[PDB]
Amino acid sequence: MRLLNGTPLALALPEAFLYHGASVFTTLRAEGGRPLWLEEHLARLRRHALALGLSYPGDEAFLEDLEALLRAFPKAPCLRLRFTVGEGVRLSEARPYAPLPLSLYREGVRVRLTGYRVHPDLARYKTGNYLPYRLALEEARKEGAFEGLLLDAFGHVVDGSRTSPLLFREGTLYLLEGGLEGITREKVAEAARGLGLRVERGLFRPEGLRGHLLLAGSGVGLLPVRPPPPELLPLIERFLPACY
């Protein structure tokens, strides 16, 4: 017997999935009824599932799900999509996307460096064990900061709770190493190279983070921390959600 808030509760989702965070996921934005970088997301999700010993449902199954989801909210310019894989479980959902105010891309947001660490074994996978990231964001919100930053076991700053951090300093856009290989950040790097900007990767500690931070992710595009450097205005423009 199993009770939820006093009331008997039946089956539905497997225990591993519900009780143990035993899943991998990804989140995409759809714009004009077209998901951004669908292939990249499915290729990553498949890699993550396989690395954690989950069967991947196959692209066709997700494409099928997408046929229904894309029409779920006809009055919204954009959608937030989530694709989630667990043993016995393909969970695909959609909700209206609510863009940040444009003024946040012009004026920038704040970040909070937290003391929370990524998992040494899971940090490179987008998994249901998300508490360290949720906790980091909770800490950040406690100061109205937009994003919280996490560390590895060595004290490097390696990730945001839901965005990938970049640092612009000297003449150079740096991608912080050590965390999730974010799709948005790789596209940003690609676009920055495409514009003749200097792009490099590096492992950073908090004391090395001098210059302008930015945050990339499927939920936000490219979001500057504090007022952006002028050199990156066009790069930010290019990744602004098309949702106004």
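For every residue, the number given is its place in the sequence shown, counted from 1.
As the entry records it, the average C-alpha temperature factor is higher for 29 to 37, out of 176 to 184 and 29 to 37.
Between 191 to 199 and 41 to 49, the higher mean Cα B-factor belongs to 191 to 199. Among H156, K75, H119, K126, the highest C-alpha B-factor in the deposited entry belongs to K75.
For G108, the recorded CA temperature factor ranks within the highest third of the chain's modelled residues. When all modelled residues of the chain are sorted by CA temperature factor, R134 is found within the lowest third. In the deposited entry, the Cα temperature factor of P96 places it in the middle third of its chain's modelled residues.
In this PDB entry, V24 carries a Cα temperature factor that places it within the lowest third of its chain's modelled residues. In the deposited entry, the Cα temperature factor of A216 places it in the lowest third of its chain's modelled residues.
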